[PDB]
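**Student:** Return atomic coordinates for the entry below.
(chains A, B, C, D and E, ligands or ions: 5)
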Amino acid sequence: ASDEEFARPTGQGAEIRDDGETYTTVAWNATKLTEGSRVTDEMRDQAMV
Amino acid sequence: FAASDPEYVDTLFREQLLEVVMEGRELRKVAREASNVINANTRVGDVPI
Amino acid sequence: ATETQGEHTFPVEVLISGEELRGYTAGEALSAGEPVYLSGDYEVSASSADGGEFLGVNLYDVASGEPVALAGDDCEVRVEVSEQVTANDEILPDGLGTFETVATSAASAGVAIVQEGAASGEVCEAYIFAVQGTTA
Amino acid sequence: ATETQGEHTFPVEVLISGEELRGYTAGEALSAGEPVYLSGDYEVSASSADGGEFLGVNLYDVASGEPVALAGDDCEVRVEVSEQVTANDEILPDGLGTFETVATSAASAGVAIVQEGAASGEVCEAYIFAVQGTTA
Amino acid sequence: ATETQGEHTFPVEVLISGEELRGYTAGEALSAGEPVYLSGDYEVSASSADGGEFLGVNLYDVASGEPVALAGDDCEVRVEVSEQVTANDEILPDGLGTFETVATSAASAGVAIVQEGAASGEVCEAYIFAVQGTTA
Ligand SMILES: [K+]
Ligand SMILES: [Mg+2]
Ligand SMILES: [Mg+2]
Ligand SMILES: [Mg+2]
Ligand SMILES: [Mg+2]
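**Tutor:** Numbering: from 1, shown residues only, chains lettered A, B, ... in the order given. Ligands and ions are numbered 1, 2, ... in the order given. Here you go, the structure:
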């Protein structure tokens, strides 16, 4: 949304004027982050952890 | 002006993408009606005549 | 590469078979089916002619500095050729974003083998078997 | 190739290891262990001698026009040799449905490497690492 | 090959990616990341210089006669070099337990492509793509 602005001074019985909410967008473009590891079954058995 | 869809066409909503994908060229499927269909037990075989 | 079907243009599926799909950074803007080589550390750019510059084909369109996927060797691929290719022709990059035959280039060995022949500017089906780099 | 156990004859399995098992059309009658090249569009025939003609080895016996499974590069194969092979020898098609050494052939580069040595007419264990086609 | 994190030296993980991991027997005592070739039937020893002697790299330390896991072509590997390598350099065995460039060697074709450059004595990241046996 646009910033808050200020109402306008007006005569009596006069037309109210427009300064409605104006809009824009912020983009996102997510990047894939990856991590991998491999362990042999014999390592998995033998390790203390 | 005011607020109309031509201004905020990517800002306040997305253009619809239809959930239905319309077909390419479809070729005429007939063989199952246009022939006798044999559900074989084996890749190679012979039919008695 | 692209495929006309009446009023429609479709993207060509670069990858026929294989799992040699590896991550790099684009050194320039790259397009799907484009041959590439290493221009920096895990950074890939469009190949030039006459060999010594091939790692794989770019799988999808990317801008400079974006993460790219490549099909490397033991992938079967759909690629665009600058000349007529028959089956069993060895091919390598032409420097134009396309492939040419070893027979046409100044190089003596290729990087892919044509399985399905194509005319100039059309899609051949080829198998990637080698990479080529700097030998001096 | 075949094996005798008393009165019984058993087929040798061509594929030791590997997963580059790819589909083609036979352009002639082909036998298990037979080296082949692209004779046409996804169509394979038995390799001649002296290189420029190799895609894989035929995994099972086929008639002309039938679909064939080839072991390509990345595959360890049981294949028949016309001469004595020692380990580390590069081998390529013989032109006789068998393999010969790069040393014996007019070619300078092979398609498979011998892992288990074998005598003339026997079965070696070899690893396919390269394909060969038309370079002019 | 080894990595420094403060006072600590760590064993480098030879394998970055790939599944071309194959069993041989050690013909001698071998160290991790060492280039190797076939010295006998399913038996591998450390490569000499100038080509014709490469099957893969040794994945962990073995004594003579012990079963070796070898990374072949289709593997991304962390390997030690004897000279400065840039990305896109072709490398082959040095004879010293290391890799050198094709440019430096008396050979004219390599076995791996450098993906990340390194100085003399440092660890490059490479993709193995070829095997070299004897051609006579
Ligand atoms: K390969
Ligand atoms: Mg008014
Ligand atoms: Mg305002
Ligand atoms: Mg019958
Ligand atoms: Mg891979």
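**Student:** got the residue ranges for the helices in chain B?
**Tutor:** Counting by DSSP state H, one finds helices in chain B at the ranges B:31-34.
**Student:** And chain C, by the same measure?
**Tutor:** Using DSSP H, helices in chain C do not occur.
**Student:** And the strands in it, which stretches?
**Tutor:** C:2-5, C:8-11, C:15-17, C:21-26, C:35-40, C:43-46, C:56-58, C:67-71, C:76-80, C:90-93, C:99-101, C:112-116, C:123-128 (DSSP state E).
**Student:** check whether the fifth one contacts chain E.
**Tutor:** It refers to strand C:35-40. Yes. Strand C:35-40 comes into contact with chain E (Cβ under 8 Å from any Cβ of the partner chain), by way of C:37-40. Bear in mind the C-beta positions are built from the backbone N, C-alpha and C, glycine included.
**Student:** Need the residues that contact stretch C:77-84.
**Tutor:** Identification of contacts with stretch C:77-84 by Cβ atoms under 8 Å, 6 or more residues apart in numbering or on different chains yields C:1, C:12-16, C:18, C:33, C:35, C:57, C:71, C:91, C:94, C:96-101, C:104, C:112, C:117-128.
**Student:** Stretch C:46-54 too?
**Tutor:** C:28, C:30, C:34-37, C:92-95, C:97, C:100, C:105-109, C:111, C:130-135, E:88.
**Student:** which one of the strands of chain C is the most hemmed in?
**Tutor:** strand C:90-93 (a mean of 28; mean count of other Cβ atoms under 10 Å in any protein chain shown).
**Student:** Could you list every helix and strand that that strand packs against?
**Tutor:** Contacts defined by 3 or more Cβ pairs under 8 Å, 6 or more residues apart in numbering or on different chains; DSSP states H and E place strand C:90-93 against strand C:99-101, strand C:112-116.
**Student:** let's see it at 10 Å
**Tutor:** Under the contact criterion of 3 or more Cβ pairs under 10 Å, 6 or more residues apart in numbering or on different chains; DSSP states H and E, strand C:90-93 touches strand C:35-40, strand C:99-101, strand C:112-116, strand C:123-128.
**Student:** Get me the contact residues on chain B for chain A.
**Tutor:** Neighbours of chain A within chain B, by Cβ under 10 Å from any Cβ of the partner chain: B:1-3, B:7-8, B:10-12.
**Student:** okay, now residue B:27: neighbour count?
**Tutor:** Neighbour count of residue B:27, defined by other Cβ atoms under 10 Å in any protein chain shown: 6.
**Student:** Residue C:110 too?
**Tutor:** If you count neighbours by other Cβ under 10 Å, residue C:110 ends up with 30.
**Student:** From ligand 3, how far out is it?
**Tutor:** Counting by Cβ to the ion, to the nearest Å, the separation of residue C:110 from ligand 3 is 65 Å.
**Student:** Minimum distance to chain A: which of the helices and strands packed on strand C:90-93 has it?
**Tutor:** Among the helices and strands packed on strand C:90-93, the nearest to chain A by Cβ to the nearest Cβ is strand C:35-40 (18.6 Å).
**Student:** okay, the closest one in CSV with CA atoms only?
**Tutor:** The C-alpha trace of strand C:35-40 is given here as CSV (Å, rounded to 0.1, in the frame of the first residue of the first chain):
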residue,chain,number,x,y,z
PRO,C,35,25.9,-26.1,-25.7
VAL,C,36,28.1,-24.8,-22.9
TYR,C,37,31.6,-25.0,-21.4
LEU,C,38,33.3,-23.9,-18.1
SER,C,39,34.3,-20.2,-18.3
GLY,C,40,35.0,-20.1,-14.5
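**Student:** Residue D:82 versus the closest residue to chain E within chain C, what's the distance?
**Tutor:** Here the residue of chain C nearest chain E is residue C:136; by Cβ to the nearest Cβ that distance is 3.5 Å. For residue C:136, the distance to residue D:82 (Cβ to Cβ, to the nearest Å) stands at 38 Å.
**Student:** Of these two, give the one with the bigger neighbour count.
**Tutor:** residue D:82 (17 against 11).
**Student:** any idea which residue sits dead centre in chain C?
**Tutor:** With distances taken as Cα atoms, centre = their mean, residue C:35 lies nearest the centre of chain C, 3.3 Å away.
**Student:** Report the contact partners of that residue.
**Tutor:** Contacts for residue C:35 (Cβ atoms under 10 Å, 6 or more residues apart in numbering or on different chains) come out as C:44, C:46-48, C:53-58, C:70, C:77, C:79-80, C:91-99, C:111-112, C:128.
**Student:** Identify the bridge partners of it.
**Tutor:** Beta-bridge pairing of residue C:35 under DSSP bridges involves residue C:57.
**Student:** re the thing from before, quick one: which of the residues of chain B next to chain A is nearest to chain C?
**Tutor:** Once Cβ to the nearest Cβ is applied, the member of those that ends up nearest chain C is residue B:10, at 19.6 Å.
**Student:** What is the neighbour count of that closest one?
**Tutor:** By the measure other Cβ under 10 Å, the count of residues near residue B:10 is 9.
**Student:** Find the nearest non-adjacent residue to it, please.
**Tutor:** residue A:25 (6.8 Å; Cβ to Cβ, 6 or more residues apart in numbering or on different chains).
**Student:** Show me where chain A has its strands.
**Tutor:** With strands called from DSSP E, chain A shows none.
**Student:** what does it put close to chain C?
**Tutor:** A:29, A:31-32, A:34.
**Student:** Would you convert these into TSV that also reports distance to ligand 3 and neighbour count?
**Tutor:** Formatted as TSV, these follow (distance: Cβ to the ion, whole Å; neighbours: other Cβ atoms under 10 Å in any protein chain shown):
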residue	distance to ligand 3	neighbour count
A:29	31	5
A:31	37	6
A:32	41	6
A:34	46	6
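**Student:** which one of the residues you listed is nearest residue A:5?
**Tutor:** In terms of Cβ to Cβ, no member of these lies closer to residue A:5 than residue A:29, at 31.3 Å.
**Student:** Hmm, that closest one is touching residue C:65, no?
**Tutor:** No. The pair residue A:29 and residue C:65 does not pass the contact test of Cβ atoms under 10 Å, sitting 11.9 Å apart.
**Student:** Now for the residue nearest to residue C:50 when sequence neighbours are not counted: which residues touch it?
**Tutor:** Take residue C:50 and drop its neighbours on the chain: the residue closest to it by Cβ to Cβ, 6+ apart is residue C:106, 4.4 Å away. Contacts for residue C:106 were tallied using Cβ under 10 Å, 6+ apart; they are C:49-51.
**Student:** Residue C:22: which of those residues is nearest?
**Tutor:** Among the contacts of residue C:106, and counting by Cβ to Cβ, the member closest to residue C:22 is residue C:51, at 20.6 Å.
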